[PDB]
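Shown next, in structure tokens, is the structure this report addresses.
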Amino acid sequence: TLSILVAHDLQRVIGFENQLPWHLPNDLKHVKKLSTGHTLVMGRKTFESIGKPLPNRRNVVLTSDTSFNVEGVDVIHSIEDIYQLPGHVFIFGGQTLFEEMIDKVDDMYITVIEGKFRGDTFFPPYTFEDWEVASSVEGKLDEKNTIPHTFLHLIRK
Ligand SMILES: NC(=O)c1ccc[n+]([C@@H]2O[C@H](COP(=O)([O-])OP(=O)(O)OC[C@H]3O[C@@H](n4cnc5c(N)ncnc54)[C@H](OP(=O)(O)O)[C@@H]3O)[C@@H](O)[C@H]2O)c1
Ligand SMILES: COc1ccccc1-c1ccc2c(N)nc(N)nc2c1
């Protein structure tokens, strides 16, 4: 299965200055739960943002840099290489990867951040005419998690 994994706000902002615009520990827990034991594919900027491969899953980085050879990371140089990756593969970002893959994936695990943030990078527009809501779950709010959010699983119709 090939899936998108993304958190975006009410206006589809995903990032600002190579970081996330929000602090939301529960979304990181969600990412951990979904992708542990599986594969993440990310663009080079997203990788450099996170700084190191995420533990307990396969980290694959897409880059044109033929000098990229980082410990604990697999490298690919073409979108086409993604389709040769075994198992459950999650497209992990960023904007460029999401733009290249939204028409290709089977489903999407979206955390809708129910706020309006300043962004410089966006998830591409999409319509519920194309996507079935397999599940929609409101995130619980507390002292550490203060922004309303909804976990959506969308499956291509
Ligand atoms: N909210 C979220 O769910 C989420 C998730 C991830 C990231 N983000 C945010 O997204 C932003 C980064 O997005 P971005 O679009 O600037 O960067 P990106 O997608 O992370 O990385 C772009 C880089 O990926 C490589 N790449 C992409 N397609 C390629 C292809 N077909 N062939 C070869 N290389 C390819 C290139 O690397 P080279 O230049 O090295 O060739 C390109 O410059 C940041 O703000 C980050 O915080 C948000
Ligand atoms: C730059 O992105 C991050 C920085 C620090 C911690 C976590 C993230 C990060 C990266 C990718 C993500 C992705 N594809 N989906 C969701 N729902 N959350 C993410 C969070």
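Residue numbering restarts at 1 for every chain of the structure tokens, chains are lettered A, B, ... in their displayed order, and ligands are numbered from 1 as they appear.
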Quick one: contact table of stretch 73-131 of chain A to stretch 25-33 of chain A, 12 Å max, nearest atom pair and distance in Å to one decimal per residue, counting only C-alpha atoms, chain and number order, as CSV?
residue,atom,partner,partner_atom,distance
A:90,CA,A:31,CA,10.0
A:91,CA,A:31,CA,11.6
A:92,CA,A:31,CA,9.4
A:109,CA,A:31,CA,9.2
A:110,CA,A:27,CA,9.9
A:111,CA,A:27,CA,7.1
A:112,CA,A:27,CA,9.9
A:113,CA,A:27,CA,9.5
Open item on the list: Give me, as a PyMOL selection string, all polymer residues having an atom no more than 6 Å from stretch 38-40 of chain A, counting only C-alpha atoms and skipping those fewer than 6 positions away in the same chain.
Closed with: chain A and resi 57-60+88-90+92
Atoms kept (C-alpha atoms) for selection, written as a PDB file, in the first residue's frame:
ATOM      1  CA  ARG A  57      11.007   2.247  10.450  1.00  0.00           C
ATOM      2  CA  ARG A  58      12.676   2.462   7.073  1.00  0.00           C
ATOM      3  CA  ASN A  59      13.676   6.004   6.157  1.00  0.00           C
ATOM      4  CA  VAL A  60      13.991   6.683   2.449  1.00  0.00           C
ATOM      5  CA  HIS A  88       3.466  -0.229   3.444  1.00  0.00           C
ATOM      6  CA  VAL A  89       5.045   2.984   2.172  1.00  0.00           C
ATOM      7  CA  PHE A  90       4.072   6.387   3.572  1.00  0.00           C
ATOM      8  CA  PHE A  92       6.034  11.736   4.516  1.00  0.00           C
TER       9      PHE A  92
END
Open item on the list: One number please: atom CA of residue A:10 to atom CA of residue A:116, in Å, one decimal.
Closed with: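 Going from atom CA of residue A:10 over to atom CA of residue A:116 covers 5.8 Å.
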Open item on the list: For residue A:55, find every residue with an atom within 10 Å (counting only C-alpha atoms), except residues of its own chain fewer than 6 positions away, and show them as a PyMOL selection string.
Closed with: chain A and resi 32+36-37+72
Task: Contacts of residue A:115 at 9 Å (only C-alpha atoms; same-chain gap of 3+ positions) as a list in words - done: residues 9, 10, 11, 112, 147, 148 and 149 of chain A
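Among the candidates A:76, A:2, A:7, A:54, the one nearest to ligand 1 when counting only C-alpha atoms and all ligand atoms is A:7.
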Task: Residue list (strand (DSSP E), DSSP) for stretch 3-47 of chain A, as JSON, numbers by chain - done: {"A": [3, 4, 5, 6, 7, 8, 9, 13, 14, 15, 39, 40, 41, 42, 43]}
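Distance annotation: of A:133, A:13, A:4, A:62, the residue with the minimal separation from ligand 2 is A:4; atom set is only C-alpha atoms and all ligand atoms.
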Task: DSSP-assigned alpha helix (DSSP H) members of stretch 8-154 of chain A, reported as a count of residues only - done: 25
Task: Among the residues A:117, A:131, A:151, A:16, the one that comes closest to ligand 1 [using only C-alpha atoms and all ligand atoms] - done: A:16
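Remark: for residue A:94, the closest of the candidate residues A:135, A:46, A:56, A:18 is A:46 (distances computed over only C-alpha atoms).
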- [ ] Could you report the residues within 8 Å of ligand 1, using only C-alpha atoms and all ligand atoms, as a ChimeraX atom specification?
- [x] /A:5-8,13-21,42-47,49,61-65,76-79,92-98,100,110-111,119-122
TODO: Select, from A:144, A:12, A:23, A:156, the residue with the minimum atom-to-atom distance to ligand 2, counting only C-alpha atoms and all ligand atoms.
DONE: A:23
Open item on the list: Which residue is closest to ligand 2? Choose from A:134, A:41, A:141, A:102 and count only C-alpha atoms and all ligand atoms.
Closed with: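 Of A:134, A:41, A:141, A:102, the one nearest ligand 2 is A:41, counting only C-alpha atoms and all ligand atoms.
Take atom CA of residue A:71 and atom CA of residue A:105: the distance between them is 27.8 Å.
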